[PDB]
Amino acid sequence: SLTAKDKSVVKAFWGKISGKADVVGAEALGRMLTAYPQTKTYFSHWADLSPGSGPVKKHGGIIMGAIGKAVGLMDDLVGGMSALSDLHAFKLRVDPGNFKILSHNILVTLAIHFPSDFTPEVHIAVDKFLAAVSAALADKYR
């Protein structure tokens, strides 16, 4: 449940992070596959699942991209995220609990690349927002 303060924090932090989003995506996905190997089960067709592999680096920028898009949809994430939910829900069939794992690996990468900017205050707001994007994506599962 994003408050207006949460949204202003996410927006002030995001403007500052937007240039490295592909790097951030690539690395958060990479971190998730390596530290949480149960998520590797969804990418078994990919040639290389290692941190820094092409598949990984490409797919991570795609995921970060969708999240950056979500910063603009914070008023209606459920409605904004509708089509990607549908996809995750009916095509990919990704257990929703994996959304929180990704989220945690995104925070770890943000801390790493933006340790000074990634304050407690920034931390709590972005965590809420990532939880709300997870919820929006999970919405159409059943």
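The first residue of the shown sequence is 1; numbering continues from there.
Participant: Identify the stretch, either 115-123 or 10-18, whose C-alpha atoms have the larger mean B-factor according to the entry.
Facilitator: Higher mean C-alpha B-factor in the PDB entry: 10-18.
Participant: When the C-alpha temperature factors are averaged for each of 32-40 and 80-88, which stretch ends up with the higher value in the entry?
Facilitator: The recorded data point to 80-88.
Participant: If you check the C-alpha B-factor for each of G61, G68, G97, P55 in the entry, which is highest?
Facilitator: Out of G61, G68, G97, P55, the record gives the largest C-alpha B-factor to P55.
Participant: Comparing recorded Cα B-factors across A26, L73, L110, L102, which one is largest?
Facilitator: Result of the comparison over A26, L73, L110, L102: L73.
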